[PDB]
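Each remark here refers to the structure printed beneath this line.
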Amino acid sequence: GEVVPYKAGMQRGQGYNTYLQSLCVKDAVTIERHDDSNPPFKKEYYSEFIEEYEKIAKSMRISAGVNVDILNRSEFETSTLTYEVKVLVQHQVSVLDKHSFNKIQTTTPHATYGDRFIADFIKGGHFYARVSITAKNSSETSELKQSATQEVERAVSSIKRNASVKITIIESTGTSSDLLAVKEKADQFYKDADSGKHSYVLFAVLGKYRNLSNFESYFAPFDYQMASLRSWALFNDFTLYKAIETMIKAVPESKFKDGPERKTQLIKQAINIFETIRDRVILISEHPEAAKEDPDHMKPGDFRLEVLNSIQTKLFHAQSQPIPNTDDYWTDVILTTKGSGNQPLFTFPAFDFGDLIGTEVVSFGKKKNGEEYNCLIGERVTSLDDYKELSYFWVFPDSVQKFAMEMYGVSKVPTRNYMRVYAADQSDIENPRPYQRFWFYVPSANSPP
Amino acid sequence: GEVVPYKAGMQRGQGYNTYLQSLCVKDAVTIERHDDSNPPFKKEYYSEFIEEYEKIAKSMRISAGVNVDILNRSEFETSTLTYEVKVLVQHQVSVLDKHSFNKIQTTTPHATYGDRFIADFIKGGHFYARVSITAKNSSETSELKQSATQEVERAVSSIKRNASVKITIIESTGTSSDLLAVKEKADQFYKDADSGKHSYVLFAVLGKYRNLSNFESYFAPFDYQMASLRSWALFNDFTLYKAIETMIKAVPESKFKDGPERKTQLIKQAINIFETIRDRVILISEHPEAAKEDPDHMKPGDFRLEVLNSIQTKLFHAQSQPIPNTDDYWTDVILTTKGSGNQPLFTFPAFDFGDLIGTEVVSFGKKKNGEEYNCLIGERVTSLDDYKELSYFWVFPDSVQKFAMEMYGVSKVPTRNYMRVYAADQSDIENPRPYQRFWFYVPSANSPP
Amino acid sequence: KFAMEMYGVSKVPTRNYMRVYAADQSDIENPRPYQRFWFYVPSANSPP
Amino acid sequence: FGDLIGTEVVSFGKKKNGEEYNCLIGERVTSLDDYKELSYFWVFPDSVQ
């Protein structure tokens, strides 16, 4: 605990609850700048100027000998210029400042002051440029034809058509011939740093209230290093529980098992237990010694299981299409519509809507311009043009505890797009067949409702 | 104890607990700068300007003698310029300053003041430049053909295509023709030092509170030289224990022997004994004479052993593939999948996941574009292109106390990629066979659970 | 419980013979050529 | 093993590109290229009481 990423609203000289990573009382510490001078700084400058692809190819074809003449010319020019710089400036914290501690009013000084204060801000800067000057593609051409009666033919002529200047400039600085223009700003940035105008807040340096001279032990600051280490299993469960609030809200009503009165008490059940872990965290602020007690709240895994159990599913009954000129070899099409003469493989619950994290879609790509069978995970037809979604449905690419244990694997024959989807094994993954795209797990019906 | 690497947040004139290497009260010592002048400095300047690879090769081929003509030209130019400088500036500590000691009222002056204070900061600077100007690769070429009826053919012409300017500049300085531009900054850096603007904090000089004139023996500072020497076996165990906290956290739940209730009490057991050694260190601060007492905490080795004992393993049963045109010679393939006609060699627990420090992976490289058998440790197929993965699994490259005692060695035949992996010996290392890549130890099943 | 009955639009490219029919959820899944749009009309079975 | 002051290593240099037998004290094969290692072991160049 010596640095922390900048968080907007930070005010120099304020408490910082290093465990909760929140912000605390402002102006507890007054820093007097005895000397007005920018701190020492460190500079970097990586620059590239890629070759000048200068290529002139020129033609001169003449033929004469009722006398005829031929005079043909050509001219091809190229010029690819590229540029790139990256300037990094990092300042330091001045060593000639005075730190003091001001007294505030709270019967709970621990929650007001916190643990550590923001002494000085680590400042810096950044630069990033790219110039892409495209070729000229000069195309000077010409033809002539003098037969004897007379004849002239000069209907051949063309000129350059190319000029691309792509410029990207990314800067983080402070207030006080395109290749060359970028260079001057890039070089001026180097020289500008020496003037010490590159004051952009990057990091904050933390200091302990004990080291303050003016601190006469207004309180006993906690040391959260061990408390944070012990209470890590709880911190992760916080992010997971917050994420699964959006699980319930995102999915619509028309795909809940119990119907109307399932959204609210699933939403309320998650938030009610979100309170239990949030107040446990707030309790650790008052009593870091309370980190010993084990959690007394339902696991995110068990509650997540409860979420998926109450979700309707689609019975994607894969069917083996029969194609002529095939013996003991079928064509597996995963379509929900019953077919005639197609052998059904298996009928299983599946997810026909997104908004359920941990799931990805397997959208078959059928050529509208042809008949090729494709199977792309998380890649719809919309990426390409004139293709058809035989079937799209989100699924779990990986297994889950006691829910998604049965397996499905995709295999394709390069010569002929006969979809070969079958119940694969951990060995099909270990030793993959040619053109085997992806494998996915589907929920097991053996789960108890 | 005279110098210490800079630690951000350091404030001139503050206590320093040399044993704990932490920071203590700020502004215990006030340093008055009687004279405003930068201290004497030492400069270095190492410079290289590599040759100018100037190479012109030019062609002039003519042939004439129904009269024909041939006129061929060429031109090849090269110019490789390289540059490099390294400027080091180191200041000194002024000898004409006054040091004083300010009183802070505390019941524990030892833990507040510490042992030594930060008198002056050793300042300096740095420079590092590299210019790589690539060749022009001028390619002037031409051809001509005059047959007698007439004929002209000039369809041969090309121009230079190369211009690379790689610039890297690394600077540590203070606030107040690319080859030549770098030189001016490099030379200006030399001249800039004379003005004494190269004030970058590098080292901190420590002073003893006893030598202060104003010190009337406010306390009796400890001498931690002997205490630190005695308590070194404990300091190492600290870093090891902190490292193995991430051991447990990194590895997932699905590869723990006891399952759910193994992560938390393995995590808690490590942190609980992390407290015991951290408080022992904090106790040495109050009582350095307490360095005599031997440790009363479990060894990192024994606790580490406990970590690996509770880890599931993979039974990589190596099998000898039979290849035609081989007598009494097989092909050992280390694959977990049972094969037909392949002789199994040994079946052993192994680690199929990283996140366990002290382990490295042996990822076979199988040519997807061919059939070559490869065996690269810590080097996957991803480095190359079109290389199927036979087997990858992390292992201990070295032995461990009473866990990893059985050996495996890799040998390969240059003429034919017949993987020759066998139970090697310590002498197989001493005298290695040709193309023998690596040897590794696998856990011994004889360990008592 | 209001709009449950379905209508679907289909058109023949060669001749513009409007082919609008009572489609199904599967007609959406596997659409015929030049089938433009499908829409639901209120069901008279709703109780007033 | 090193780490014992007052000791130096005698690392035989065997040509991997050939068969020459070499014996260099405190000079391993790493200084040169393609030299197999026969034996390396730190020893006292001088006597001790």
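Residue numbering restarts at 1 for every chain of the structure tokens, chains are lettered A, B, ... in their displayed order, and ligands are numbered from 1 as they appear.
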Give the strand (DSSP E) residues of region 98-258 of chain A, as DSSP finds them on the backbone, and put them as a PyMOL selection string. chain A and resi 98-99+116-133+165-172+200-208
Dump of N, CA and C atoms for the selected residues, as a compact mmCIF listing (two decimals), in the first residue's frame:
# COMPACT_ATOMS: atom_id res chain seq x y z
N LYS A 98 6.41 20.06 4.08
CA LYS A 98 6.05 19.84 5.47
C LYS A 98 4.63 19.29 5.53
N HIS A 99 4.43 18.26 6.33
CA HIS A 99 3.14 17.60 6.49
C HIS A 99 2.63 17.81 7.91
N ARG A 116 -4.73 5.94 5.90
CA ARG A 116 -3.64 6.68 5.27
C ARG A 116 -4.20 7.88 4.52
N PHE A 117 -3.35 8.89 4.36
CA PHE A 117 -3.70 10.15 3.73
C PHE A 117 -2.95 10.32 2.42
N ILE A 118 -3.48 11.21 1.58
CA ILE A 118 -2.93 11.46 0.25
C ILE A 118 -1.94 12.61 0.37
N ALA A 119 -0.65 12.27 0.39
CA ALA A 119 0.37 13.29 0.61
C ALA A 119 0.67 14.07 -0.66
N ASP A 120 1.15 13.38 -1.69
CA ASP A 120 1.50 14.01 -2.95
C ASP A 120 0.99 13.15 -4.09
N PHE A 121 0.72 13.80 -5.22
CA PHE A 121 0.22 13.12 -6.40
C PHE A 121 1.37 12.88 -7.37
N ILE A 122 1.53 11.62 -7.78
CA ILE A 122 2.53 11.28 -8.79
C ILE A 122 2.02 11.75 -10.14
N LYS A 123 2.75 12.65 -10.78
CA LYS A 123 2.33 13.25 -12.03
C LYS A 123 3.15 12.70 -13.19
N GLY A 124 2.60 12.86 -14.39
CA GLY A 124 3.26 12.36 -15.58
C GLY A 124 2.60 12.81 -16.87
N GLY A 125 2.88 12.10 -17.96
CA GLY A 125 2.34 12.45 -19.26
C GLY A 125 2.53 11.31 -20.22
N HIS A 126 1.96 11.47 -21.41
CA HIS A 126 1.96 10.39 -22.39
C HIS A 126 1.83 10.98 -23.79
N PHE A 127 2.41 10.28 -24.77
CA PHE A 127 2.27 10.67 -26.16
C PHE A 127 2.19 9.41 -27.01
N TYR A 128 1.48 9.52 -28.13
CA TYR A 128 1.29 8.38 -29.02
C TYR A 128 0.85 8.90 -30.37
N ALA A 129 1.69 8.71 -31.39
CA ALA A 129 1.40 9.24 -32.71
C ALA A 129 1.60 8.16 -33.75
N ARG A 130 0.83 8.25 -34.83
CA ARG A 130 0.95 7.36 -35.98
C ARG A 130 0.62 8.14 -37.24
N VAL A 131 1.56 8.19 -38.17
CA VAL A 131 1.33 8.78 -39.48
C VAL A 131 1.44 7.67 -40.51
N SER A 132 0.49 7.63 -41.44
CA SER A 132 0.46 6.63 -42.50
C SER A 132 0.23 7.37 -43.81
N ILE A 133 1.32 7.82 -44.43
CA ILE A 133 1.24 8.50 -45.72
C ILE A 133 1.25 7.44 -46.81
N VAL A 165 -3.54 10.22 -45.44
CA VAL A 165 -2.82 10.71 -44.27
C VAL A 165 -3.66 10.34 -43.06
N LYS A 166 -3.32 9.23 -42.41
CA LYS A 166 -3.96 8.82 -41.17
C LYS A 166 -3.10 9.30 -40.01
N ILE A 167 -3.66 10.15 -39.17
CA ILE A 167 -2.97 10.69 -38.01
C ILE A 167 -3.78 10.35 -36.77
N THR A 168 -3.13 9.74 -35.78
CA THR A 168 -3.72 9.55 -34.46
C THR A 168 -2.75 10.15 -33.45
N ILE A 169 -3.25 11.02 -32.59
CA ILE A 169 -2.43 11.65 -31.56
C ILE A 169 -3.15 11.50 -30.23
N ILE A 170 -2.50 10.87 -29.27
CA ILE A 170 -3.06 10.66 -27.94
C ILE A 170 -2.13 11.33 -26.94
N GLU A 171 -2.64 12.30 -26.20
CA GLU A 171 -1.81 13.13 -25.34
C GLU A 171 -2.42 13.22 -23.95
N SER A 172 -1.54 13.31 -22.95
CA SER A 172 -1.92 13.57 -21.56
C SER A 172 -0.92 14.59 -21.03
N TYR A 200 0.15 15.96 -15.11
CA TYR A 200 -1.07 15.17 -15.21
C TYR A 200 -1.07 14.15 -14.09
N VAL A 201 -2.18 14.06 -13.37
CA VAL A 201 -2.24 13.22 -12.18
C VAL A 201 -2.35 11.76 -12.62
N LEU A 202 -1.40 10.94 -12.19
CA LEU A 202 -1.39 9.52 -12.51
C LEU A 202 -1.61 8.65 -11.28
N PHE A 203 -0.76 8.80 -10.26
CA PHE A 203 -0.83 7.97 -9.06
C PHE A 203 -0.83 8.87 -7.83
N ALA A 204 -1.29 8.30 -6.72
CA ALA A 204 -1.32 8.98 -5.44
C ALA A 204 -0.47 8.21 -4.44
N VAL A 205 0.40 8.93 -3.73
CA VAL A 205 1.31 8.34 -2.76
C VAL A 205 0.68 8.40 -1.38
N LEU A 206 0.65 7.27 -0.69
CA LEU A 206 -0.01 7.15 0.60
C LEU A 206 0.99 7.30 1.73
N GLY A 207 0.56 7.94 2.81
CA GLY A 207 1.39 8.10 3.99
C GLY A 207 0.62 7.75 5.24
N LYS A 208 1.35 7.29 6.25
CA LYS A 208 0.74 6.83 7.48
C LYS A 208 0.63 7.97 8.48
Give me the residues near region 188-199 of chain B as a ChimeraX atom specification, where near means some atom within 6 Å (using only C-alpha atoms) and where sequence neighbours in that chain fewer than 2 positions away do not count. /B:38,123-125,173-174,176,184-186
Between CA of residue 297 (chain A) and CA of residue 251 (chain A), what is the distance in Å, rounded to a tenth?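 Separation of CA of residue 297 (chain A) and CA of residue 251 (chain A): 24.9 Å.
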Near residue 303 (chain A), within 10 Å and counting only C-alpha atoms, which residues show up once chain neighbours fewer than 2 positions away are dropped, as an NGL selection string? :A and (241 or 244 or 266 or 269-270 or 273 or 298-301 or 305-309)
Find the residues near residue 61 (chain B): any atom within 9 Å, counting only C-alpha atoms, skip ones fewer than 6 places away on the same chain, and give them as a list in words. residues 70, 71, 72 and 73 of chain B
Restrict the distance test to only C-alpha atoms, flag each residue of chain B within 8 Å of chain A, and return the flagged residues as a CSV table (one decimal) with C-alpha atoms, in the first residue's frame.
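The resulting file, out-v3.csv, is shown below:
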chain,number,residue,atom,x,y,z
B,8,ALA,CA,8.4,7.1,-3.0
B,9,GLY,CA,7.0,9.4,-0.3
B,10,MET,CA,10.4,9.9,1.4
B,11,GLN,CA,10.6,13.2,3.1
B,12,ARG,CA,14.0,14.7,4.0
B,23,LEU,CA,9.6,4.9,7.3
B,24,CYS,CA,9.2,6.7,10.6
B,25,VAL,CA,8.3,10.2,11.9
B,26,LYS,CA,8.8,13.0,9.5
B,27,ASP,CA,10.4,16.3,10.4
B,28,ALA,CA,12.4,15.0,13.4
B,104,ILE,CA,8.2,14.8,19.6
B,105,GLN,CA,6.6,13.6,22.8
B,106,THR,CA,5.9,9.9,22.8
B,112,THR,CA,8.5,6.7,16.5
B,149,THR,CA,12.3,-1.5,-88.7
B,150,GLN,CA,13.1,-0.2,-85.2
B,151,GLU,CA,12.6,-1.2,-81.6
B,152,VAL,CA,13.0,0.4,-78.2
B,153,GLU,CA,12.5,-1.3,-74.8
B,154,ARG,CA,13.1,0.7,-71.6
B,155,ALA,CA,10.8,-1.2,-69.3
B,156,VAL,CA,13.3,-1.4,-66.5
B,157,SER,CA,13.5,1.2,-63.7
B,158,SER,CA,13.4,1.1,-59.9
B,159,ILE,CA,14.3,3.4,-56.9
B,160,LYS,CA,15.4,3.2,-53.3
B,161,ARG,CA,13.1,1.7,-50.7
B,162,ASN,CA,14.6,1.8,-47.2
B,163,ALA,CA,14.6,4.5,-44.4
B,164,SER,CA,14.4,3.3,-40.8
B,165,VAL,CA,15.0,5.6,-37.9
B,166,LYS,CA,14.8,3.8,-34.5
B,167,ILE,CA,15.3,6.2,-31.6
B,168,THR,CA,15.2,5.3,-28.0
B,169,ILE,CA,15.9,8.0,-25.4
B,170,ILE,CA,15.8,7.2,-21.6
B,171,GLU,CA,16.4,10.2,-19.4
B,172,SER,CA,16.3,11.0,-15.6
B,173,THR,CA,16.8,14.8,-15.3
B,174,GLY,CA,15.4,17.8,-13.5
B,175,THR,CA,13.5,21.0,-14.2
B,176,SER,CA,15.3,24.3,-14.6
B,199,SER,CA,18.6,16.9,-9.5
B,200,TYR,CA,17.0,13.5,-9.5
B,201,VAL,CA,16.7,11.6,-6.3
B,264,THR,CA,-10.5,-21.4,3.2
B,267,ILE,CA,-5.8,-19.8,3.1
B,268,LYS,CA,-6.6,-19.1,6.8
B,271,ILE,CA,-2.4,-16.2,7.1
B,275,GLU,CA,0.6,-13.2,11.8
B,337,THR,CA,-5.4,-41.3,-23.5
B,390,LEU,CA,0.4,-33.7,-27.9
Counting only C-alpha atoms, what are the residues of chain D within 10 Å of chain B, and for each of them which pair of atoms is the nearest and at what distance in Å, to one decimal? Sort the table by chain and rising number, as a tab-separated table.
residue	atom	partner	partner_atom	distance
D:36	CA	B:431	CA	9.4
D:37	CA	B:430	CA	8.5
D:38	CA	B:431	CA	7.6
D:39	CA	B:430	CA	8.1
D:40	CA	B:430	CA	10.0
